[PDB]
Each structure stands twice: as structure tokens, then as C-alpha cells.
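Q: Numbering (the deposited numbering), first residue to last: 1 to 140. All C-beta atoms in this analysis are idealised placements derived from N, C-alpha and C, irrespective of residue type, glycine included.
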């Protein structure tokens, strides 16, 4: 009943899709490499028609949301926010929804390697990960 403008995020656009968790986003009028923070990637390359049920679907999906989403949003962590390669340690949103949570909640990806000072969406992904895990949604 006085102020409801807590927090603050910054939007961005997909300059070019890399693979899955990795994607190029528009930051400061420049193209930066962003990564699906605390998200697990198929870790594949290009297997034949068979072998490994996951891969394209996981990489495509991530790009599907951002590409289909008229607007993308990224949220950097509270710790490093950038690894050795200076990658983008943030979650990529699409149409107002964090794509990371999608893959994590769907099954394409999973929550791995995450902790303070990194925990912007820990409680958010914590459930999305374990929730889909217990039921083994897709690819689990």
C-alpha cells in the first residue's frame, strides 16, 4: 500500500544461438555468450540417427523459447556472475518465463553445480529439479 517495485531485472535479445545452455544475448548493445546457469546440458556433439535420446530436443527447446519469445530476460547470480571464459551466469527468460526452469522442469536439463553466493533462483529450480526427478518426466 505504498511501494511494490521490489527487485529489478534487465531484458535482452538473442544475438545468435550457440548450442543448448549456451546462447548469445544482447548485453550493453553488444553480443555476449550466456549460459543456462545451474543447468545441465546434454554434453553431446552430433551422434548418428540413434544413440542418446536427448540432445537436439534439449538444445532446440532452449532456443525455441528464446526465439519464440518476443522478449528475453537474463538474471546474473550474486557470486561470480562470470566464469573463466567470462560466460553469462544467468537464467534466460522467454515471454516472461525463465527458460532454464522450463528445461529443468520439463526434463531436457537438470539442476547441477550451484551454491552461494549463487542462489538467485535456487529455491525456484530446487523444486523444478527434484519435482520432475521424482516423477522422471521426460528424459529422466
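For residue 12 and residue 71, I'd like the C-alpha separation in whole angstroms.
A: Translated into positions along the chain shown, residue 12 becomes position 12. Translated into positions along the chain shown, residue 71 becomes position 71. Going by the C-alpha atoms only, they are around 7 Å apart.
Q: For residue 103, tell me which candidate among 50, 67, 36, 117 has the shortest Cα-Cα distance.
A: Within the chain shown, residue 103 is the residue found at index 103, counting from 1. Out of 50, 67, 36, 117, 36 has the C-alpha closest to the C-alpha of residue 103.
Q: Is the Cβ-Cβ distance between residue 79 and residue 33 less than 8 Å?
A: The residue you call residue 79 lines up with position 79 of the chain shown. The residue you call residue 33 lines up with position 33 of the chain shown. Result no, Cβ atoms of residue 79 and residue 33 do not sit closer than 8 Å.
Q: Using only the alpha-carbon positions, how far apart do residue 121 and residue 50 sit?
A: As a working note, residue 121 is residue 121 in the chain shown. As a working note, residue 50 is residue 50 in the chain shown. Taking the straight line joining both Cα atoms gives about 35 Å.
Q: Looking at the strands, I want to know which residues DSSP matches up with residue 30.
A: Numbered from its first residue, the chain shown carries residue 30 at position 30. Residue 30 is bridged to 27.
Q: Could you name the residues of the same chain whose beta carbon sits closer than 8 Å to that of residue 119, not counting the 5 residues immediately before and after it, in chain order?
A: In the chain shown, counting from the first residue as 1, residue 119 sits at position 119. Counting only Cβ-Cβ distances below 8 Å, and skipping sequence neighbours, we find 77, 78.
Q: Based on DSSP bridge pairs, tell me the residues matched to residue 115.
A: To locate residue 115, count along the chain shown from 1; it is residue 115. According to DSSP, residue 115 bridges with nothing at all.
Q: To which residues of the same chain is residue 126 closer than 8 Å at the C-beta, ignoring the five residues directly before and after it?
A: The count along the chain shown starts at 1 and reaches residue 126 at position 126. Excluding positions up to five away in sequence, the list reads 111.
Q: Since residue 130 and residue 39 should fall inside the 8 Å C-beta cutoff, what is the C-beta to C-beta distance between them, to a whole number of angstroms?
A: Here the question's residue 130 lines up with position 130 in the chain shown. Here the question's residue 39 lines up with position 39 in the chain shown. Incorrect: roughly 15 Å between the Cβ atoms, too far for contact.
Q: Terminal residues of the continuous beta strand (DSSP E) containing residue 99?
A: By one-based count along the chain shown, residue 99 stands at place 99. Not the beta strand (DSSP E): residue 99 falls in the alpha helix (DSSP H), residues 99-106.
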